[PDB]
RNA sequence: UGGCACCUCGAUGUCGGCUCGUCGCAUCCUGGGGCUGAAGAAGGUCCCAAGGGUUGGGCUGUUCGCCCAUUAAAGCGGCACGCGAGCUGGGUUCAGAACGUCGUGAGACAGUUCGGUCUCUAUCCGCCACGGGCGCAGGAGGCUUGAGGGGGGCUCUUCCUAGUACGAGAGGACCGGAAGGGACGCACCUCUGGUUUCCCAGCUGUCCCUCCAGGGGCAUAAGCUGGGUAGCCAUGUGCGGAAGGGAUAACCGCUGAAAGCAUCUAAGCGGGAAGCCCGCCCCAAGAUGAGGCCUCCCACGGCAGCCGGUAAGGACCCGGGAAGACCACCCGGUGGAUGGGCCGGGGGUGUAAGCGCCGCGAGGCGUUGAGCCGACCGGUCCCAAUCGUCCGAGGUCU
RNA sequence: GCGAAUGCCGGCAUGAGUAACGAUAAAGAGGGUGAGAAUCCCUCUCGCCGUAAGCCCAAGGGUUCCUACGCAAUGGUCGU
RNA sequence: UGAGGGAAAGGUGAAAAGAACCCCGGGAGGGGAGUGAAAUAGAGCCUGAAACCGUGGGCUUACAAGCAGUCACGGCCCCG
Ligand SMILES: [Mg+2]
Ligand SMILES: [Mg+2]
Ligand SMILES: [Mg+2]
Ligand SMILES: [Mg+2]
Ligand SMILES: [Mg+2]
Ligand SMILES: [Mg+2]
Ligand SMILES: [Mg+2]
Ligand SMILES: [Mg+2]
Ligand SMILES: [Mg+2]
Ligand SMILES: [Mg+2]
Ligand SMILES: [Mg+2]
Ligand SMILES: [Mg+2]
Ligand SMILES: [Mg+2]
Ligand SMILES: [Mg+2]
Ligand SMILES: [Mg+2]
Ligand SMILES: [Mg+2]
Ligand SMILES: [Mg+2]
Ligand SMILES: [Mg+2]
Ligand SMILES: [Mg+2]
Ligand SMILES: [Mg+2]
Ligand SMILES: [Mg+2]
Ligand SMILES: [Mg+2]
Ligand SMILES: [Mg+2]
Ligand SMILES: [Mg+2]
Ligand SMILES: [Mg+2]
Ligand SMILES: [Mg+2]
Ligand SMILES: [Mg+2]
Ligand SMILES: [Mg+2]
Ligand SMILES: [Mg+2]
Ligand SMILES: [Mg+2]
Ligand SMILES: [Mg+2]
Ligand SMILES: [Mg+2]
Ligand SMILES: [Mg+2]
Ligand SMILES: [Mg+2]
Ligand SMILES: [Mg+2]
Ligand SMILES: [Mg+2]
Ligand SMILES: [Mg+2]
Ligand SMILES: [Mg+2]
Ligand SMILES: [Mg+2]
Ligand SMILES: [Mg+2]
Ligand SMILES: [Mg+2]
Ligand SMILES: [Mg+2]
Ligand SMILES: [Mg+2]
Ligand SMILES: [Mg+2]
Ligand SMILES: [Mg+2]
Ligand SMILES: [Mg+2]
Ligand SMILES: [Mg+2]
Ligand SMILES: [Mg+2]
Ligand SMILES: [Mg+2]
Ligand SMILES: [Mg+2]
Ligand SMILES: [Mg+2]
Ligand SMILES: [Mg+2]
Ligand SMILES: [Mg+2]
Ligand SMILES: [Mg+2]
Ligand SMILES: [Mg+2]
Ligand SMILES: [Mg+2]
Ligand SMILES: [Mg+2]
Ligand SMILES: [Mg+2]
Ligand SMILES: [Mg+2]
Ligand SMILES: [Mg+2]
Ligand SMILES: [Mg+2]
Ligand SMILES: [Mg+2]
Ligand SMILES: [Mg+2]
Ligand SMILES: [Mg+2]
Ligand SMILES: [Mg+2]
Ligand SMILES: [Mg+2]
Ligand SMILES: [Mg+2]
Ligand SMILES: [Mg+2]
Ligand SMILES: [Mg+2]
Ligand SMILES: [Mg+2]
Ligand SMILES: [Mg+2]
Ligand SMILES: [Mg+2]
Ligand SMILES: [Mg+2]
Ligand SMILES: [Mg+2]
Ligand SMILES: [Mg+2]
Ligand SMILES: [Mg+2]
Ligand SMILES: [Mg+2]
Ligand SMILES: [Mg+2]
Ligand SMILES: [Mg+2]
Ligand SMILES: [Mg+2]
Ligand SMILES: [Mg+2]
Ligand SMILES: [Mg+2]
Ligand SMILES: [Mg+2]
Ligand SMILES: [Mg+2]
Ligand SMILES: [Mg+2]
Ligand SMILES: [Mg+2]
Ligand SMILES: [Mg+2]
Ligand SMILES: [Mg+2]
Ligand SMILES: [Mg+2]
Ligand SMILES: [Mg+2]
Ligand SMILES: [Mg+2]
Ligand SMILES: [Mg+2]
Ligand SMILES: [Mg+2]
Ligand SMILES: [Mg+2]
Ligand SMILES: [Mg+2]
Ligand SMILES: [Mg+2]
Ligand SMILES: [Mg+2]
Ligand SMILES: [Mg+2]
Ligand SMILES: [Mg+2]
Ligand SMILES: [Mg+2]
Ligand SMILES: [Mg+2]
Ligand SMILES: [Mg+2]
Ligand SMILES: [Mg+2]
Ligand SMILES: [Mg+2]
Ligand SMILES: [Mg+2]
Ligand SMILES: [Mg+2]
Ligand SMILES: [Mg+2]
Ligand SMILES: [Mg+2]
Ligand SMILES: [Mg+2]
Ligand SMILES: [Mg+2]
Ligand SMILES: [Mg+2]
Ligand SMILES: [Mg+2]
Ligand SMILES: [Mg+2]
Ligand SMILES: [Mg+2]
Ligand SMILES: [Mg+2]
Ligand SMILES: [Mg+2]
Ligand SMILES: [Mg+2]
Ligand SMILES: [Mg+2]
Ligand SMILES: [Mg+2]
Ligand SMILES: [Mg+2]
Ligand SMILES: [Mg+2]
Ligand SMILES: [Mg+2]
Ligand SMILES: [Mg+2]
Ligand SMILES: [Mg+2]
Ligand SMILES: [Mg+2]
Ligand SMILES: [Mg+2]
Ligand SMILES: [Mg+2]
Ligand SMILES: [Mg+2]
Ligand SMILES: [Mg+2]
Ligand SMILES: [Mg+2]
Ligand SMILES: [Mg+2]
Ligand SMILES: [Mg+2]
Ligand SMILES: [Mg+2]
Ligand SMILES: [Mg+2]
Ligand SMILES: [Mg+2]
Ligand SMILES: [Mg+2]
Ligand SMILES: [Mg+2]
Ligand SMILES: [Mg+2]
Ligand SMILES: [Mg+2]
Ligand SMILES: [Mg+2]
Ligand SMILES: [Mg+2]
Ligand SMILES: [Mg+2]
Ligand SMILES: [Mg+2]
Ligand SMILES: [Mg+2]
Ligand SMILES: [Mg+2]
Ligand SMILES: [Mg+2]
Ligand SMILES: [Mg+2]
Ligand SMILES: [Mg+2]
Ligand SMILES: [Mg+2]
Ligand SMILES: [Mg+2]
Ligand SMILES: [Mg+2]
Ligand SMILES: [Mg+2]
Ligand SMILES: [Mg+2]
Ligand SMILES: [Mg+2]
Ligand SMILES: [Mg+2]
Ligand SMILES: [Mg+2]
Ligand SMILES: [Mg+2]
Ligand SMILES: [Mg+2]
Ligand SMILES: [Mg+2]
Ligand SMILES: [Mg+2]
Ligand SMILES: [Mg+2]
Ligand SMILES: [Mg+2]
Ligand SMILES: [Mg+2]
Ligand SMILES: [Mg+2]
Ligand SMILES: [Mg+2]
Ligand SMILES: [Mg+2]
Ligand SMILES: [Mg+2]
Ligand SMILES: [Mg+2]
Ligand SMILES: [Mg+2]
Ligand SMILES: [Mg+2]
Ligand SMILES: [Mg+2]
Ligand SMILES: [Mg+2]
Ligand SMILES: [Mg+2]
Ligand SMILES: [Mg+2]
Ligand SMILES: [Mg+2]
Ligand SMILES: [Mg+2]
Ligand SMILES: [Mg+2]
Ligand SMILES: [Mg+2]
Ligand SMILES: [Mg+2]
Ligand SMILES: [Mg+2]
Ligand SMILES: [Mg+2]
Ligand SMILES: [Mg+2]
Ligand SMILES: [Mg+2]
Ligand SMILES: [Mg+2]
Ligand SMILES: [Mg+2]
Ligand SMILES: [Mg+2]
Ligand SMILES: [Mg+2]
Ligand SMILES: [Mg+2]
Ligand SMILES: [Mg+2]
Ligand SMILES: [Mg+2]
Ligand SMILES: [Mg+2]
Ligand SMILES: [Mg+2]
Ligand SMILES: [Mg+2]
Ligand SMILES: [Mg+2]
Ligand SMILES: [Mg+2]
Ligand SMILES: [Mg+2]
Ligand SMILES: [Mg+2]
Ligand SMILES: [Mg+2]
Ligand SMILES: [Mg+2]
Ligand SMILES: [Mg+2]
Ligand SMILES: [Mg+2]
Ligand SMILES: [Mg+2]
Ligand SMILES: [Mg+2]
Ligand SMILES: [Mg+2]
Ligand SMILES: [Mg+2]
Ligand SMILES: [Mg+2]
Ligand SMILES: [Zn+2]
């Protein structure tokens with residue numbers, strides 16, 4: 001038996017592929033199903049992705065945003081059915097994997113350290129030139 | 001516990017264990033066969049193999065890498081030019097460790113030899 | 001009162017009704033019956049199950065014979081489920097249906113010679129304020145002259161783990177008979193690769 | 001710590017008792033298929049220098 | 001639980017070692 | 001994970017600015033408060049002439065925690081501070097506004113009052 | 001608190017705390033009751049009950065006590081006022097200093113004050129773990145019965161019933177049913193969150209290789225910094241307390257005499273506790289009372305005995321292992337995927353070097369998600385587990 | 001005239017193949033010599049000191065200096 | 001430091017006749033050979049107690065509770 005293979009089999013019924021690739025520093029909008037007693041609605045959450053943990057079907061990414069003067073970070077499973085869509089709002093160019101450092105940075109400062117990932121942006125335009 | 005941990009410590013700190021592995025690589029790539037204690041030998045295997053298998057790649061990067069552990073330009077050269085080539089078609093396993101029959105006197109240490117293959 | 005041998009393969013989680021469900025995955029079937037225990041013959045009732053196939057080149061003659069008599073090809077492991085008589089001559093994961101609740105035994109991870117703190121969640125020592133070399137020590141173990149001795153079972157540092165642990169009342173979340181897979185929710189003793197037993201649960 | 005000390009001399013009988021497990025087991029030794037001399041198995045034969053059929057050592 | 005305060009009978013150890021004898 | 005000694009920001013207009021936890025009202029021995037729990041707490045810093053004033057011993061419910069709260073949908077949410085809204089003995093805010101987002105758990109825990117007064121719920 | 005002065009002055013270390021507990025029950029809580037000046041809810045008082053539980057903080061050396069916030073409850077006691085060859089050393093025995101007081105004085109105080117050396121090595125019994133030996137009348141490989149033990153044993157809130165019963169009203173049930181907790185236990189590592197001594201990157205000084213480029217050592221036993229896989233982990237996750245059967249406690253009874261009535265009792269029979277037995281989980285046939293089932297070997301040579309070669313098996317040796325201090329356990333040993341290498345995937349890191357271009361430059365851009373790359377999931381005999389040795393029944397008697 | 005004086009002297013036990021083998025600056029290999037080598041010589045490599053752990057005076061020691069020949073004992077192992 | 005304190009340690013044989021030579025061993029040591037009335041008088045030497053340490057034999061012992069013995073019976077082994 002190939003244990004690893006087997007797990008992947010089980011996970012396989014649950015893997016998505018319909019979500020856009022993005023990286024730490026990209027700014028992103030996650031549309032998340034949400035229950036509220038009683039309507040269950042879609043609440044977008046838009047912020048910078050400061051981390052992506054990779055472990056297969058279990059990879060998870062983390063989004064930081066400021067909200068009414070308090071900072072929020074929210075963690076989504078890359079494959080959560082509860083995610084409706086993810087809209088790349090902006091490509092940002094980091095130099096490291098985990099960006100926890102923006103936690104202590106002025107909104108000016110972050111902006112300096114996270115400049116527009118000009119390469120990967122032009123690239124996005126390249127597609128959407130669709131036939 | 002030690003559950004699933006690869007690598008010995010060989011009663012050396014980090015910096016020394018590395019050194020140890022290097023100046024064996026150096027002795028073994030130089031002489032083609034050395035004798036040590038069986039455990040140090042068993043660990044020498046992989047260390048050397050990678051460097052050998054890198055020389056096999058032959059590219060500049062590969063040299064500069066191999067040169068980080070071995071330091072010696074002459075040596076690296078004998079590695080790339082004379083050593084790498086006998087293993088073009090060998091797929092891993094460029095070293096062998098064979099156990100010697102006698103223990104050392106002063107301490108009764110089990111000895112082995114490590115050698116390059118053909 | 002059904003049961004089955006199996007090996008633990010690992011964990012992930014699945015999503016079910018907008019919830020993450022931690023699950024352990026267990027490869028269970030197929031386990032051929034290789035002896036039955038009967039009250040006339042044995043004094044009680046249970047099936048001896050075999051599990052995992054074995055290289056007949058490794059099966060010594062006393063064993064090869066036991067298998068032989070039960071018309072069954074060699075198996076790595078033999079274990080009895082108690083008070084269980086399957087109709088068939090082979091037990092597979094089909095005997096569990098998602099939503100059933102089960103108990104799982106397995107052998108816990110060894111922790112070796114464990115101190116009093118890891119073993120028994122002792123409180124150890126201060127780490128300052130004067131504590132002299134006792135920071136994980138067990139403290140006092142006794143009284144004085146009465147009773148002048150130590151209790152049997154006094155909690156102490158010793159070996160810990162690599163023991164039989166049965167974890168109870170876990171939910172079968174799914175079963176995949178095409179692959180002999182059992183998805184039980186939550187966590188089971190032993191390392192991925194360990195051998196486990198899955199029995200129908202006693203808690204009701 | 002208060003300097004534990006033996007309360008009584010240990011008998012001749014009781015030490016030797018302890019020492020019941022001190023016996024050495026003689027080296028485990030096989031014949032060398034080439035020179036028929038006795039040696040640890042899995043070692044290169046130090047008498048003839050052969051191992052796995054071939055010469056591996058000058059000796 | 002005794003009230004009449006229990007004085008020590010013994011001095012807290014300790015002072016000095018009779019080193020050596022030779 | 002609020003526990004006694006923990007200072008938390010109050011996010012209402014009661015006038016208290018910083019309160020220090022002094023009990024987790026959640027069992028006879030709760031180690032920690034999380035979102036939606038009630039603490040008793042003393043007020044360590046207030047602004048002049050609020051409803052509430054330094055030294056008052058008050059109840060507050062926790063609305064933000066700096067340690068993430070995990071959610072059955074496998075997700076989690078985490079804030080930049082720990083926050084509380086001071087309340088009265090029937091879990092009503094004593095304040096008239098609440099500032100900042102609050103965790104959605106507050107609703108399941110029947111503090112709908114604070115939830116609506118809140119500018120954002122995550 | 002005392003009395004006495006019996007072992008111990010060729011030493012029984014003494015307050016308090018910490019740690020670990022264990023027991024008593026004159027029960028704080030939780031279970032079960034009788035009476036009540038018990039309408040209800042709540043409470044008084046007594047009986048049964050030791051299974052489990054019995055919080056955090058301020059003061060002070062303090063125990064104690066007071067106080068704050070809680071709580072089902074914040075129980076009282078024994079164990080050398082349990083526990084200094086277990087820790088502490090705040091306090092009370094020494095030497096220093098001072099205050100108040102006493103003394104002409106030296107000094108003194110069941111006064112106050114600041115300071116003041118707490119001892120690596122366990123023989124035996126006891127305890128926690130792990131083997132070795134022998135035994136369990138033939139020798140073997142498996143799989144088990146469970147005598148007997150051990151573990152566990154907590155409790156709350158809300159809602160339904162029902163704003164019903166009850167009560168002027170305020171307040172507010174029994175019974176029954178549903179949900180959600182606190183603490184604790186066993187496991188686990190999918191997630192969350194740690195670490196991850198070299199898995200990746202950045203950075204400074206310096207010496208070096210080889211001048212540049214690129215790299216190396218040292219700055220810690222990682223120079224520093226940012227991250228970080230497996231593993232081991234909790235703050236993270238699963239699950240546990242039961243249900244159920246049976247016998248009882250106090251208590252309530254059915255039938256019922258002695259005693260024409262009455263009586264729970266003398267005959268007999270019911271109901272009745274978180275407690276008791278079992279049930280759950282773990283250990284367990286040295287259970288010498290050494291159990292049982294399945295399979296394997298077998299009548300071998302010479303004189304309940306010895307010797308030798310075998311049988312089934314076994315050990316040795318080797319490769320290893322989420323097994324482990326050694327031992328032991330488990331897997332593998334070329335009829336092989338055991339570990340090492342190589343390959344693929346994962347995963348970290350985050351775009352190597354070289355080269356081309358732009359900038360005077362520091363740099364920047366592109367080749368490029370590049371290069372490196374521990375343990376994770378796999379493949380592959382390239383390297384090593386070569387070759388072998390030695391043990392081991394022939395079955396006691398009615 | 002000894003059995004006791006924590007007696008005196010001496011010898012030998014026990015503890016026990018136990019604690020320890022004296023700075024965590026650190027080692028590795030090849031060659032040699034030799035009955036014998038982790039420990040001696042030589043070479044390469046790697047670490048440590050460098051207001052020193054390098055150098056020179058003075059005290060104090062008193063041949064320990066240099067060579068040849070040795071390894072009983074001294075060297076906390078070994079020893080050429 | 002000094003004044004001062006202050007040990008242990010005797011014996012081959014009549015005679016060195018103190019073991020040539022060979023053998024194993026680096027040697028130490030030993031086995032032969034030789035000396036001697038004697039060499040377990042061989043120099044680590046008269047005698048050579050005891051504790052203490054071994055080897056070989058007899059009896060015994062792994063369901064037993066102990067100031068270790070004593071009384072009884074039985075088993076085995078030895079001397080007749
Ligand atoms: Mg996996
Ligand atoms: Mg598959
Ligand atoms: Mg919204
Ligand atoms: Mg282990
Ligand atoms: Mg460790
Ligand atoms: Mg491994
Ligand atoms: Mg390493
Ligand atoms: Mg290891
Ligand atoms: Mg070392
Ligand atoms: Mg060592
Ligand atoms: Mg280190
Ligand atoms: Mg270092
Ligand atoms: Mg080998
Ligand atoms: Mg060997
Ligand atoms: Mg030596
Ligand atoms: Mg098992
Ligand atoms: Mg401990
Ligand atoms: Mg534990
Ligand atoms: Mg713990
Ligand atoms: Mg503690
Ligand atoms: Mg601690
Ligand atoms: Mg402390
Ligand atoms: Mg101290
Ligand atoms: Mg310490
Ligand atoms: Mg006693
Ligand atoms: Mg174990
Ligand atoms: Mg499903
Ligand atoms: Mg595991
Ligand atoms: Mg001690
Ligand atoms: Mg000490
Ligand atoms: Mg002492
Ligand atoms: Mg000692
Ligand atoms: Mg003593
Ligand atoms: Mg003795
Ligand atoms: Mg003896
Ligand atoms: Mg003994
Ligand atoms: Mg004030
Ligand atoms: Mg008295
Ligand atoms: Mg007296
Ligand atoms: Mg007295
Ligand atoms: Mg007395
Ligand atoms: Mg006394
Ligand atoms: Mg005495
Ligand atoms: Mg005495
Ligand atoms: Mg004494
Ligand atoms: Mg004592
Ligand atoms: Mg004492
Ligand atoms: Mg107590
Ligand atoms: Mg008790
Ligand atoms: Mg009572
Ligand atoms: Mg009650
Ligand atoms: Mg009552
Ligand atoms: Mg009432
Ligand atoms: Mg009333
Ligand atoms: Mg009333
Ligand atoms: Mg009463
Ligand atoms: Mg009563
Ligand atoms: Mg109790
Ligand atoms: Mg108690
Ligand atoms: Mg206090
Ligand atoms: Mg304070
Ligand atoms: Mg106090
Ligand atoms: Mg204080
Ligand atoms: Mg005082
Ligand atoms: Mg007081
Ligand atoms: Mg009450
Ligand atoms: Mg208290
Ligand atoms: Mg005491
Ligand atoms: Mg006490
Ligand atoms: Mg005491
Ligand atoms: Mg004490
Ligand atoms: Mg002490
Ligand atoms: Mg004390
Ligand atoms: Mg004590
Ligand atoms: Mg004591
Ligand atoms: Mg202690
Ligand atoms: Mg004081
Ligand atoms: Mg003091
Ligand atoms: Mg004093
Ligand atoms: Mg004064
Ligand atoms: Mg005065
Ligand atoms: Mg006075
Ligand atoms: Mg006067
Ligand atoms: Mg005066
Ligand atoms: Mg006096
Ligand atoms: Mg001081
Ligand atoms: Mg004092
Ligand atoms: Mg002490
Ligand atoms: Mg101390
Ligand atoms: Mg010792
Ligand atoms: Mg002992
Ligand atoms: Mg004793
Ligand atoms: Mg045993
Ligand atoms: Mg055994
Ligand atoms: Mg087996
Ligand atoms: Mg039976
Ligand atoms: Mg039982
Ligand atoms: Mg018993
Ligand atoms: Mg109602
Ligand atoms: Mg519950
Ligand atoms: Mg828990
Ligand atoms: Mg993982
Ligand atoms: Mg993790
Ligand atoms: Mg994870
Ligand atoms: Mg993490
Ligand atoms: Mg490296
Ligand atoms: Mg540098
Ligand atoms: Mg140069
Ligand atoms: Mg340069
Ligand atoms: Mg250097
Ligand atoms: Mg340096
Ligand atoms: Mg260093
Ligand atoms: Mg470095
Ligand atoms: Mg981190
Ligand atoms: Mg780090
Ligand atoms: Mg990790
Ligand atoms: Mg926890
Ligand atoms: Mg019951
Ligand atoms: Mg009944
Ligand atoms: Mg009647
Ligand atoms: Mg009458
Ligand atoms: Mg009766
Ligand atoms: Mg009844
Ligand atoms: Mg009755
Ligand atoms: Mg009735
Ligand atoms: Mg209960
Ligand atoms: Mg068993
Ligand atoms: Mg069992
Ligand atoms: Mg048995
Ligand atoms: Mg018995
Ligand atoms: Mg048996
Ligand atoms: Mg082995
Ligand atoms: Mg091993
Ligand atoms: Mg085997
Ligand atoms: Mg073989
Ligand atoms: Mg392999
Ligand atoms: Mg492999
Ligand atoms: Mg790989
Ligand atoms: Mg890849
Ligand atoms: Mg990747
Ligand atoms: Mg680039
Ligand atoms: Mg480049
Ligand atoms: Mg230019
Ligand atoms: Mg790869
Ligand atoms: Mg590798
Ligand atoms: Mg193949
Ligand atoms: Mg052979
Ligand atoms: Mg006398
Ligand atoms: Mg004495
Ligand atoms: Mg004496
Ligand atoms: Mg004495
Ligand atoms: Mg004497
Ligand atoms: Mg004497
Ligand atoms: Mg004497
Ligand atoms: Mg003496
Ligand atoms: Mg001795
Ligand atoms: Mg030993
Ligand atoms: Mg000892
Ligand atoms: Mg030791
Ligand atoms: Mg010493
Ligand atoms: Mg040692
Ligand atoms: Mg040393
Ligand atoms: Mg150090
Ligand atoms: Mg050599
Ligand atoms: Mg040497
Ligand atoms: Mg030598
Ligand atoms: Mg050498
Ligand atoms: Mg050395
Ligand atoms: Mg040298
Ligand atoms: Mg170093
Ligand atoms: Mg300098
Ligand atoms: Mg002069
Ligand atoms: Mg001079
Ligand atoms: Mg001198
Ligand atoms: Mg000179
Ligand atoms: Mg000289
Ligand atoms: Mg000289
Ligand atoms: Mg010389
Ligand atoms: Mg010498
Ligand atoms: Mg010598
Ligand atoms: Mg010597
Ligand atoms: Mg001489
Ligand atoms: Mg010496
Ligand atoms: Mg020596
Ligand atoms: Mg020395
Ligand atoms: Mg004198
Ligand atoms: Mg004479
Ligand atoms: Mg004479
Ligand atoms: Mg004569
Ligand atoms: Mg000669
Ligand atoms: Mg010779
Ligand atoms: Mg020589
Ligand atoms: Mg001679
Ligand atoms: Mg000889
Ligand atoms: Mg001679
Ligand atoms: Mg003659
Ligand atoms: Mg005569
Ligand atoms: Mg004689
Ligand atoms: Mg004589
Ligand atoms: Mg003599
Ligand atoms: Mg004479
Ligand atoms: Mg003699
Ligand atoms: Mg004997
Ligand atoms: Mg018995
Ligand atoms: Mg017997
Ligand atoms: Mg007799
Ligand atoms: Zn040979």
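All Cβ positions, even for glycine, are placed from backbone atoms using ideal geometry, and neighbour counts span all protein chains on display. Derivation of every value follows stated rules applied to the coordinates shown; laboratory data play no part.
Among what's in the stretch A:52-64 and is assigned to a strand (DSSP E or B) and surrounded by fewer than 18 Cβ atoms within 10 Å (Cβ to Cβ), pick the residue that is farthest from the other protein chains (Cβ to nearest Cβ). Checked the stretch A:52-64; the qualifying residue farthest from the other protein chains (Cβ to nearest Cβ) is A:52.
Counting only residues that are more than 11 Å from chain C (Cβ to nearest Cβ) and surrounded by fewer than 17 Cβ atoms within 10 Å (Cβ to Cβ), how many does the stretch A:30-51 have?
Taking the stretch A:30-51 and keeping what is more than 11 Å from chain C (Cβ to nearest Cβ), we get A:30-31, A:36-39, A:41-51.
Filter again for surrounded by fewer than 17 Cβ atoms within 10 Å (Cβ to Cβ), leaving A:31, A:36-39, A:41-44, A:46, A:51.
Qualifying residue count, the stretch A:30-51: 11.
For the stretch C:111-133, a tally of residues being part of a loop (DSSP other than H, G, I, E, B), more than 16 Å from RNA strand H (Cβ to nearest atom) and either loosely packed, with under 12 Cβ neighbours inside 10 Å or within 14 Å of chain B (Cβ to nearest Cβ) (or both) returns 10. Each residue in the stretch F:78-100 was checked for being facing another protein chain (nearest Cβ under 10 Å), surrounded by 22 or more Cβ atoms within 10 Å (Cβ to Cβ) and within 12 Å of residue F:35 (Cα to Cα), and 2 pass. Please determine whether any residue of the stretch B:12-24 is closer than 19 Å to residue B:78 by Cα, within 15 Å of the chain's Cα centre (by Cα) and part of a strand (DSSP E or B). Within the stretch B:12-24 (the criterion being closer than 19 Å to residue B:78 by Cα, within 15 Å of the chain's Cα centre (by Cα) and part of a strand (DSSP E or B)), the answer is no, since none of the residues qualifies. The strands (runs of 3 or more DSSP E) found entirely in the stretch F:56-122 that carry 1 or more residues being free of Cβ contacts under 8 Å to residues at least 40 places away in the same chain are F:57-64, F:76-79.
Pick out the one residue from B:109, B:41 that is touching a strand residue (DSSP E or B) at 6+ places or on another chain (Cβ under 8 Å) and surrounded by fewer than 19 Cβ atoms within 10 Å (Cβ to Cβ). Sole residue among the options that is touching a strand residue (DSSP E or B) at 6+ places or on another chain (Cβ under 8 Å) and surrounded by fewer than 19 Cβ atoms within 10 Å (Cβ to Cβ): B:109. Could you tell me whether any residue of the stretch A:72-87 is in contact with a helix residue (DSSP H, G or I) (Cβ under 8 Å, 6 or more places away or on another chain) and farther than 21 Å from residue C:17 by Cα? So far as the stretch A:72-87 goes, no, none of its residues is in contact with a helix residue (DSSP H, G or I) (Cβ under 8 Å, 6 or more places away or on another chain) and farther than 21 Å from residue C:17 by Cα. Summed over the stretch B:1-38, the residues that are surrounded by 11 or more Cβ atoms within 10 Å (Cβ to Cβ) and within 16 Å of ligand 6 (Cβ to nearest atom) give a count of 2. Just one of the numbered conditions (1) more than 14 Å from chain F (Cβ to nearest Cβ); (2) crowded, with 17+ Cβ neighbours inside 10 Å; (3) not in a helix (DSSP H, G or I) is not true of residue A:120: (3). Against the test of being more than 16 Å from ligand 104 (Cβ to nearest atom), under 30 Å from residue C:191 (Cα atoms) and not in a loop (DSSP other than H, G, I, E, B), the options B:46, B:7 yield a single qualifying residue, B:46. Residues that are within 14 Å of another protein chain (Cβ to nearest Cβ) and part of a loop (DSSP other than H, G, I, E, B) were ranked within the stretch C:147-187; the one that is surrounded by the most Cβ atoms within 10 Å (Cβ to Cβ) is C:180. Considering the stretch C:188-204, the residues that are in a strand (DSSP E or B) and away from chain A (no Cβ under 14 Å) include one that is nearest to residue C:101 (Cα to Cα), namely C:200. Among C:9, C:23, which is the only one that is touching a residue at least 24 places away in the same chain (Cβ under 8 Å) and more than 14 Å from chain F (Cβ to nearest Cβ)? Result: C:9 is the single residue among C:9, C:23 that is touching a residue at least 24 places away in the same chain (Cβ under 8 Å) and more than 14 Å from chain F (Cβ to nearest Cβ). One residue stands out in the stretch A:1-17 among those that are touching a residue at least 40 places away in the same chain (Cβ under 8 Å) and part of a loop (DSSP other than H, G, I, E, B): the one that is nearest to ligand 170 (Cβ to nearest atom), namely A:15.
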